[PDB]
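A short worksheet on the structure shown next.
Here the Cβ is made from the backbone with ideal geometry for all residues, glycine too, and neighbour counts use every protein chain on show. Read-outs throughout are calculated quantities, based only on the coordinates presented, and are distinct from any laboratory measurement.
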Amino acid sequence: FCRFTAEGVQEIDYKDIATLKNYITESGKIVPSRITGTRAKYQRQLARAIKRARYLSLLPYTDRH
Amino acid sequence: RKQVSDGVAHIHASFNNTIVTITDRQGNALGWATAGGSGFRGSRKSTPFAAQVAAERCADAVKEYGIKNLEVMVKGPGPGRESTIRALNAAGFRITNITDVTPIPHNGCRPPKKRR
Amino acid sequence: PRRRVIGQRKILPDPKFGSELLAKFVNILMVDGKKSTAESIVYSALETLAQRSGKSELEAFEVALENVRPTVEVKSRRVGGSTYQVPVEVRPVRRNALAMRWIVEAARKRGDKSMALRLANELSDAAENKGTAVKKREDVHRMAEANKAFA
Amino acid sequence: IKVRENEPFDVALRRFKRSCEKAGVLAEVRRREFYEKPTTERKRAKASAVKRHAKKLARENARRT
RNA sequence: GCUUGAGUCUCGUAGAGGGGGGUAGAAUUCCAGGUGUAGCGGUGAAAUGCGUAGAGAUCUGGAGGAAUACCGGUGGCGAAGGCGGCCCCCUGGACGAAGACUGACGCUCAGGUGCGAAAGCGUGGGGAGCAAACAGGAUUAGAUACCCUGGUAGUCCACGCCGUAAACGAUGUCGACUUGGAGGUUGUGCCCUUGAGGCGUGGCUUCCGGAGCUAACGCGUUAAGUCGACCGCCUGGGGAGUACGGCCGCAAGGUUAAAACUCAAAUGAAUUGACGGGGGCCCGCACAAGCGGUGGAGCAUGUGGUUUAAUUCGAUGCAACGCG
RNA sequence: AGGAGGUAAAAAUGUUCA
């Protein structure tokens with residue numbers, strides 16, 4: 001129902017955890033595109049970023065620390 | 001005795017049993033009770049009602065420690081899981097927070113093929 | 001039945017006083033269509049109970065009825081696999097009905113002299129709830145509460 | 001994962017459990033590896049889903065309800 | 001010689017495409033220690049097994065091997081097989097853009113060469129989980145099966161071999177043409193980004209359907225439609241994809257591939273029923289809830305069996321047996 | 001309307017021909 005950088009051209013960044021946390025659930029799981037209404041292309045860039053951020057521990061692999 | 005104040009209840013609710021273990025905050029166990037320990041053998045062992053008495057028999061047997069309030073960290077699917085936390089709360093304990101620590105792997109090992 | 005949910009029939013009260021509970025008790029006792037004998041039996045068992053209790057006739061019956069009156073029974077309602085026993089609550093109209101039958105069949109046991117006297121003995125022994133009729137009640141509860149894991 | 005409510009709850013109301021995983025995936029790694037059946041139940045999943053929506057846009061016969 | 005065939009160069013685009021080397025978290029098992037105590041585990045139930053030498057549960061730490069949750073979707077890429085945590089290095093292909101360039105170098109292709117899931121094989125490692133074989137416990141009339149507790153090869157890694165799959169959209173490859181609709185996915189041009197866009201122009205792909213085609217089912221611009229080019233293959237069922245021989249292979253085998261004999265059928269799609277330890281719905285003393293009985297006794301009575309000179313003959317699942 | 005948790009141990013065989 002809502003869109004993103006498809007109209008406002010820009011790239012996803014693994015460092016920007018401000019917006020990256022808005023695309024994952026608080027339980028440390030990536031939310032599917034069927035709910036967020038994200039374009040398939042950006043979802044892939046999104047997922048790559050989430051996985052990179054998790055490696056740099058800027059995001060939880062799971063909320064249960 | 002040692003008189004502890006706060007603790008945490010570990011509820012291992014699996015498909016056949018629902019072993020409940022009340023430990024302290026550091027993890028050291030104090031007392032425990034199971035569905036299969038209070039009788040209930042066989043088909044009645046894997047039942048939420050058996051989980052009720054498991055909680056009741058674990059509600060006591062920890063009286064000497066006198067736990068005021070405790071947390072609940074349930075684990076496994078089990079037929080209880082939510083009926084056992086009810087009997088533990090209605091027993092007279094103060095439930096601060098309930099958490100779920102079911103151990104789901106990220107495709108770690110190859111599960112069984114059993115059950116045809 | 002399958003579709004028939006028609007109501008029951010209205011029975012007449014006993015010809016001694018207005019109390020259809022007792023009239024129903026007579027019919028449960030009656031065999032071979034001999035109602036004349038049936039009422040004569042329960043009436044004689046009523047005074048013999050009243051003189052052996054010191055209470056009234058009708059009140060000495062309820063205090064011997066709610067002692068053998070169950071609240072939970074066993075129904076065999078399966079889930080698809082094994083048809084395990086499941087405890088279910090009883091409706092009030094079946095409550096005393098199940099109770100009256102039990103004290104009657106207990107009268108068929110323990111042969112003293114005459115069943116008029118015999119059921120009077122069982123109604124008296126039901127007052128202190130320590131007879132074979134009340135035994136049927138607890139054992140039903142023994143398989144109910146001990147297997148009340150199903151709901 | 002960790003529901004609290006802190007003071008005026010008096011009950012479970014742990015809706016997150018029926019909403020995240022805690023039943024789906026746990027009763028999925030329960031047994032059966034398959035290695036291939038997921039694919040056939042993958043295609044059968046939407047085969048039923050697309051035929052439901054095809055007739056959802058074609059339920060206007062009359063039916064006289 | 002020319003360009004719509006085909007190929008090359010410039011700039012970009014998406015991607016589990018392929019090879020090598022590191023790395024991360026969850027989880028399983030195991031090892032040590034603390035707390036703690038009668039079960040744990042398993043199943044339809046139970047037992048074997050594990051446990052009072054103190055398990056399981058729980059907490060902390062450590063050691064390992066394998067697979068990468070969510071993302072993930074009839075999404076993407078690859079010739080096919082097939083390939084997904086993340087990171088770097090080496091590297092292939094496809095596609096779009098506006099032009100230039102070469103000038104039929106094109107299509108197919110017996111033999112030949114290569115790649116080719118899984119299982120299996122050889123050499124050396126590794127070994128958590130899972131698990132042929134095997135063992136025990138059950139179930140059963142029997143159970144060397146289904147179920148349970150364990151468990152070796154194997155599964156994983158490097159280098160070689162095997163060359164087979166329902167290796168399947170069961171559809172060979174290439175090119176041309178022949179009404180539409182609804183979506184996904186990946187570029188780009190134009191217009192006002194005037195706001196989650198609008199109209200075109202390409203690649204790939206999913207589903208539904210017209211003409212036509214087909215035995216029918218169905219296929220349906222990725223055709224099984226309308227044609228052209230080349231290759232492979234079939235000639236009733238069984239025998240048999242077997243024997244014999246050759247070639248290849250360490251082996252298991254693979255590949256090429258008969259005949260005698262024997263049947264008059266084997267086979268496809270679809271139709272009407274009946275049927276299912278298939279689904280949905282509904283009904284009946286069918287069950288359930290109750291009452292009273294049969295079967296045990298004696299006897300009336302009918303039948304079978306046997307006997308007898310003859311024990312007339314028929315009826316003999318339900319629907320024969322106090323029946324004619 | 002949108003997605004999940006739960007629902008059957010055991011039951012072999014039927015001469016050839018019409």
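Determine which single condition D:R52 fails, assuming it passes every other condition in (1) within 20 Å of the chain's Cα centre (by Cα); (2) within 24 Å of B:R81 (Cα to Cα).
Among (1) within 20 Å of the chain's Cα centre (by Cα); (2) within 24 Å of B:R81 (Cα to Cα), the lone unmet condition for D:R52 is (2).
Does B:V62 meet the test of being out of contact with any helix residue (DSSP H, G or I) (no Cβ under 7 Å at 6 or more places or on another chain), within 18 Å of D:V3 (Cβ to Cβ) and away from RNA strand F (no atom under 14 Å from the Cβ)? Lay out the reasoning, then the answer.
Values: out of contact with any helix residue (DSSP H, G or I) (no Cβ under 7 Å at 6 or more places or on another chain): yes; within 18 Å of D:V3 (Cβ to Cβ): no; away from RNA strand F (no atom under 14 Å from the Cβ): yes.
Spelling it out, it is not the case that B:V62 is out of contact with any helix residue (DSSP H, G or I) (no Cβ under 7 Å at 6 or more places or on another chain), within 18 Å of D:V3 (Cβ to Cβ) and away from RNA strand F (no atom under 14 Å from the Cβ).
Can you find a residue in segment D:4-15 that is within 21 Å of A:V31 (Cα to Cα) and within 11 Å of RNA strand F (Cβ to nearest atom)?
yes
Residue-wise test of (1) in a loop (DSSP other than H, G, I, E, B); (2) crowded, with 16+ Cβ neighbours inside 10 Å; (3) over 12 Å from the mean Cα position of the chain (by Cα).
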position	(1), (2), (3)
B:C58	no, yes, no
B:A61	yes, no, yes
B:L88	no, yes, no
B:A91	yes, no, yes
B:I95	no, yes, yes
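So B:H12 fits all but one of (1) more than 16 Å from RNA strand F (Cβ to nearest atom); (2) not in a strand (DSSP E or B); what number is the exception?
The one condition B:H12 does not meet is (2).
Does C:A106 satisfy the condition of being more than 14 Å from chain B (Cβ to nearest Cβ), within 12 Å of RNA strand E (Cβ to nearest atom), outside any loop (DSSP other than H, G, I, E, B) and of a type outside the set (S, T, N, Q)?
no
Quick check on this structure: which one of C:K34, C:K16, C:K75 is among the basic types (K, R) and in contact with an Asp or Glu (Cβ under 9 Å, 6 or more places away or on another chain)?
Going through C:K34, C:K16, C:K75 in turn, just one is among the basic types (K, R) and in contact with an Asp or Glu (Cβ under 9 Å, 6 or more places away or on another chain): C:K16.
I'd like the full set of residues that are more than 23 Å from A:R64 (Cβ to Cβ), of a type in the set (S, T, Y) and within 14 Å of chain D (Cβ to nearest Cβ), limited to segment B:51-87.
B:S83
Of everything in segment A:2-31, what is of a type outside the set (S, T, Y), within 14 Å of chain D (Cβ to nearest Cβ) and part of a loop (DSSP other than H, G, I, E, B)? Give them in sequence order.
A:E26, A:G28, A:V31
Could you look through segment A:48-60, keep only residues that are surrounded by 15 or more Cβ atoms within 10 Å (Cβ to Cβ) and assigned to a helix (DSSP H, G or I), and pick out the one that is farthest from RNA strand F (Cβ to nearest atom)?
The selected residue is A:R52.
Within segment C:11-49, work out how many residues are among the aromatic types (F, W, Y), part of a helix (DSSP H, G or I) and surrounded by fewer than 17 Cβ atoms within 10 Å (Cβ to Cβ).
0
Against the condition closer than 22 Å to C:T132 by Cα and loosely packed, with under 15 Cβ neighbours inside 10 Å, how does C:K109 come out, does it pass? If you could, list the steps in order and put the result at the bottom.
Values: closer than 22 Å to C:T132 by Cα: yes; loosely packed, with under 15 Cβ neighbours inside 10 Å: yes.
So C:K109 fits the description; yes.
If you go through segment D:43-52 one residue at a time, do you hit one that is more than 25 Å from B:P103 (Cα to Cα), away from RNA strand F (no atom under 15 Å from the Cβ) and loosely packed, with under 13 Cβ neighbours inside 10 Å?
Our first condition is that a residue be more than 25 Å from B:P103 (Cα to Cα); within segment D:43-52, this holds for D:43-52.
With away from RNA strand F (no atom under 15 Å from the Cβ) added as a condition, the list becomes none.
No, the conditions are met nowhere in segment D:43-52.
Can you work out which of the residues in segment D:1-42 that are at the interface with another protein chain (Cβ under 7 Å from one of its Cβ atoms) and small (G, A, S) is surrounded by the fewest Cβ atoms within 10 Å (Cβ to Cβ)?
Filtering segment D:1-42 for residues that are at the interface with another protein chain (Cβ under 7 Å from one of its Cβ atoms) and small (G, A, S), the one surrounded by the fewest Cβ atoms within 10 Å (Cβ to Cβ) comes out as D:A27.
Can you tell me which of C:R77, C:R69, C:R52, C:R118 is in a helix (DSSP H, G or I) and either of a type in the set (K, R) or exposed (fewer than 14 other Cβ atoms within 10 Å of the Cβ) (or both)?
Only one candidate passes the filter, namely C:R118.
Kindly indicate the residue of segment C:124-149 that is in a loop (DSSP other than H, G, I, E, B), within 14 Å of chain B (Cβ to nearest Cβ) and in contact (Cβ under 8 Å) with a residue 24 or more places away in the chain and also nearest to B:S43 (Cα to Cα) among those meeting that condition. Explain how you work it out, then say what you get.
Taking segment C:124-149 and keeping what is in a loop (DSSP other than H, G, I, E, B), we get C:126-131, C:143-144, C:148-149.
This time we only want the ones that are within 14 Å of chain B (Cβ to nearest Cβ), so: C:143-144, C:148-149.
Remaining after also requiring in contact (Cβ under 8 Å) with a residue 24 or more places away in the chain: C:143-144, C:148.
Working: C:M143: 15, C:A144: 16, C:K148: 12 Å.
Step by step, filter segment C:124-149, then rank; the result is C:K148.
Can you confirm whether segment D:31-54 contains a residue that is closer than 16 Å to B:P77 by Cα, free of Cβ contacts under 8 Å to residues at least 12 places away in the same chain and in a loop (DSSP other than H, G, I, E, B)?
Yes, segment D:31-54 contains a residue that is closer than 16 Å to B:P77 by Cα, free of Cβ contacts under 8 Å to residues at least 12 places away in the same chain and in a loop (DSSP other than H, G, I, E, B).
Taking segment C:64-97 as the search range and keeping residues that are near RNA strand E (Cβ under 10 Å from one of its atoms) and in contact (Cβ under 8 Å) with a residue 24 or more places away in the chain, which one is farthest from the other protein chains (Cβ to nearest Cβ)?
C:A97
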